[PDB]
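J.: Experimental structure and sequence below, a few questions after.
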Amino acid sequence: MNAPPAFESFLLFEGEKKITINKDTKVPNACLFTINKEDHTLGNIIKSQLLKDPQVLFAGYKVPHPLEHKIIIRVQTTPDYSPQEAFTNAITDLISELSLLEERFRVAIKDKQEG
Amino acid sequence: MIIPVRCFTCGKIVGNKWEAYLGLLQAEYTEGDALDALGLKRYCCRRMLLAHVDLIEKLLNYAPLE
Amino acid sequence: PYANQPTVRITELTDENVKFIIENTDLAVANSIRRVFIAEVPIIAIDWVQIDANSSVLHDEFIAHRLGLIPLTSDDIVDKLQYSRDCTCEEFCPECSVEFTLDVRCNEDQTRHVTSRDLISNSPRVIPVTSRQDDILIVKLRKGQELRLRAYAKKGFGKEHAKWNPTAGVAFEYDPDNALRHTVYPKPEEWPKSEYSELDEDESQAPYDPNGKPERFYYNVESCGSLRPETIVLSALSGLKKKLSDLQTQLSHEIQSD
Amino acid sequence: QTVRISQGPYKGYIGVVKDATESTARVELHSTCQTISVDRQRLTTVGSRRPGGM
Amino acid sequence: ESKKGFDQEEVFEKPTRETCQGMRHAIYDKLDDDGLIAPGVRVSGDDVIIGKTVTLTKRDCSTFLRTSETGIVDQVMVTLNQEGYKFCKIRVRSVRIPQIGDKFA
Amino acid sequence: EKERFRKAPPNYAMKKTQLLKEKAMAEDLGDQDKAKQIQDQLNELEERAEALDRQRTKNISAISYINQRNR
Amino acid sequence: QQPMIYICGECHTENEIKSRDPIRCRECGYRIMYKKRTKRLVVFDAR
Amino acid sequence: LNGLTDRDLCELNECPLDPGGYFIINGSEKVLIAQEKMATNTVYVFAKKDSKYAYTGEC
RNA sequence: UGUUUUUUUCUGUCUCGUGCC
Ligand SMILES: [Zn+2]
Ligand SMILES: [Zn+2]
Ligand SMILES: [Zn+2]
């Protein structure tokens, strides 16, 4: 009777923020990015892209509870490199790589048809 | 009771294949060749034509009128 | 501190499935692209059935359940229509939905086979998979029974329900030879060789490789019939790009607000 | 009375108002076996009459 | 229905808001005027399923769907029992989607 | 008055009519009456078989054929 | 003006049955009879 | 339904697969559980120890 | 120089059988 619907996994609720930044107090230059209504699709690629950057000292996400739709990403970089710009660069260059992959796949398909 | 529309595990449409499966078994083909003649490679989709029971016929035997 | 330049090579292009290879990319990107292939792919499907007279032997909900699983071709319609949740009108408008109708009544003595062909759609291009192989059997009617109803179709993705799952099964596989030791075979000689394995029949598995990254990820996206496989790949990549862009915009707004 | 949700995530469902208030109103969904509390303004009466009667 | 006594008597009839003294705080216009719900109609917990009213003016001696059932009426059948009174049976279906905690084996 | 003119076999009372005819034949000790009842029962059975064959000509018969050849 | 249309058991023939009447079909004569589908907005979600 | 073809059974709102052999009382399927007991007309010689008799010839 | 409505927790008996941790 109380099974949740299907739209509460991706659709935002009124008042609920898509992303929230929270600075950590245990170590300097460390913030936990909390993402709402998402899953491993949008966190694993960002985790790996952050891992590629050498200036990022720490990078990793988790799922507080599988039924609940939220992921926390913790990022810790060098003191001369804020984690906000690290996250922004990771997202931007991941977008660029995905677009390039799209373009290459499309040209490969169009060449494969009768060619 | 009736053929499903898609395989539970995979998702390939199998609903449009029960009648063809019966026909191929009808002519001379046997099951082991009929299944791959229809185009079912994964073993998960092959239970839909082997494990399915066709109980809709008995239900249709109880015609409401005439 | 930047990403990579992946390469693509299609090995088999057909109208039912595509086998392509992605090289020079991280495992996480590959797995995410797979999960988007399965879950987050826009596609049209039946999601609102109005049953007016159902005298069949099956349940009233059984008809709707079966109709929900009937694929609908959306090669150039899914990109145009908008999600019903974000619509700015009332009732299922044709600009954001597609109407269907089914009116079959077994009059002759022989039993009827109500197939997907009976779904008379208002739009020409939004039709069940019957263009170019028998049709999806919905139910069987007998003399005296009938089935009248009309349904509307909307856009959705597999994350909401399995009706919007275009891909049948994605065969994701990387590193056919067990070179990275990501799996340890107790008896390698007892296992068969992968389809894409380049090693000879003598050696069982490739030797260990300490400094080696996973590359050359293989794909076998298999379309159910609604969307074309390459169309599925393009739509999934475009959706992932849109999600990334929205996340970037939200992060930028959050940073400026602080 | 039978109503129809015209806006919000449940747009398209059909139900009968169970308990109504000045702002919100509980409507039991036809398909699913669950009752939700949707805003009254999100509802649109459709009714079910029978013209004729002769 | 049955003949309880010389003055007591049961009959199928929609218990209105005026003549019937004993009455539940539930919806009654959901069923037709016979006192039997039509098939394929929404019912939920604590909903009137039959329109039985016994005269004392009348008392709503009608049964209700059990709490936490939330099903749909499949068909309604009416007949006479051996005694010759109006005898009816109603069955309510429910699509139980497999959810967590259900016992499998 | 309705069943007086309305012919009996239609439509779902075929089994009931056959049972009634058999009971009447068993109860009746006469020869002509028993023969007439037996002929009526045989005619009803033949009509029911023909109606089923017409209804079960497709699918219902092909499924029996495939099952028998498969066994 | 609804005369409470009912459906016979085996004959499946429409019958008009009002209150304070025996529950029998217009021909043959049986004791079992069902009701007709409601006229309400029966709308399901194909989920 | 004694030796009746499946045609009539289907026409009488019944199935040929029903095993049968169950009474119908007040519209409820009643079944008689086969009770077992001690065989009659047979001599039994037990050795009950919690009594004053060493042996007992029950029949 | 004027403007029509206030009533609310009901409730059921004794017996037997089956299934589950
Ligand atoms: Zn399968
Ligand atoms: Zn619209
Ligand atoms: Zn009658």
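T.: Right, received. Where do you want to start? Residues are numbered from 1 along each chain as shown, chains lettered A, B, ... in the order given. Ligands and ions are numbered 1, 2, ... in the order given.
J.: At the contact with chain G, which residues of chain D appear?
T.: Contacts of chain D with chain G, taken as Cβ under 8 Å from any Cβ of the partner chain, map to D:2, D:12-14, D:29-32, D:46, D:48, D:50, D:53-54. For the C-beta atoms, the positions are set from N, CA and C on the backbone; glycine is no exception.
J.: now, which of the residues you listed sits nearest residue F:4?
T.: Comparing the residues of chain D next to chain G against residue F:4 with Cβ to Cβ places residue D:54 closest, at 32.2 Å.
J.: if we can go back for a sec, which among the residues of chain D next to chain G count as buried?
T.: With burial judged by 16 or more other Cβ atoms under 10 Å in any protein chain shown, the buried subset of the residues of chain D next to chain G is D:2, D:12, D:13, D:14, D:29, D:30, D:31, D:32.
J.: In strands, which of those appear?
T.: Counting by DSSP state E, the part of those found in strands is D:2, D:14, D:29.
J.: Next, the contact list for residue E:85, please.
T.: E:1, E:2, E:3 (Cβ atoms under 8 Å, 6 or more residues apart in numbering or on different chains).
J.: Now residue E:52. Its backbone dihedrals?
T.: phi -90, psi 130 (degrees, to the nearest 10).
J.: so who does it touch?
T.: Contacts of residue E:52 (Cβ under 8 Å, 6+ apart): E:1, E:10, E:11, E:12, E:13, E:35, E:60, E:61, E:62, E:63.
J.: Chain E next: which of the buried ones among the residues of chain D next to chain G are close?
T.: Answer for those near chain E (Cβ under 8 Å from any Cβ): residue D:30.
J.: quick one, what contacts residue 40?
T.: This is for chain A. A:61, A:63, A:71, C:32, C:35.
J.: You answered for a different chain; I wanted chain F.
T.: residue F:21.
J.: Next, give phi and psi for it.
T.: Backbone dihedrals for residue F:40, given as degrees, to the nearest 10, come out at phi -60, psi -40.
J.: Report the separation between it and residue F:20.
T.: Counting by Cβ to Cβ, to the nearest Å, the gap from residue F:40 to residue F:20 is 10 Å.
J.: repeat for residue C:68
T.: Going from residue C:68 to residue F:20 by Cβ to Cβ gives 48 Å.
J.: Between those two, which is the more surrounded one?
T.: residue C:68 (23 against 14; other Cβ atoms under 10 Å in any protein chain shown).
J.: That one contacts residue C:48, correct?
T.: No: under the criterion of Cβ atoms under 8 Å, residue C:68 is not in contact with residue C:48, lying 9.7 Å apart.
J.: what's the overlap in contacts for the two?
T.: residue G:46.
J.: ok so, going back, looking at the contacts of residue E:85, which one is closest to residue E:67?
T.: Checking these against residue E:67 with Cβ to Cβ, the nearest one is residue E:1 at 25.3 Å.
J.: pretty sure that closest one is in contact with residue E:8, am I right?
T.: No: assessed by Cβ under 8 Å, residue E:1 is found out of contact with residue E:8, at 11.1 Å.
J.: quick one: which of these two has more around it?
T.: Between residue E:1 and residue E:8, counted using other Cβ under 10 Å, the more crowded position is residue E:1 (19 against 13).
J.: Distance of that one relative to residue E:12?
T.: In terms of Cβ to Cβ, residue E:1 sits 7 Å off from residue E:12.
J.: Spit out the residues that contact the two alike.
T.: Counting by Cβ under 8 Å, 6+ apart, the common neighbours of residue E:1 and residue E:12 are E:52, E:86.
J.: burial count for the residue lying closest to residue E:95 once chain neighbours are set aside?
T.: Leaving aside its sequence neighbours, residue E:95 sits nearest to residue C:61 (Cβ to Cβ, 6 or more residues apart in numbering or on different chains; 5.2 Å). Residue C:61: 20 surrounding residues under other Cβ under 10 Å.
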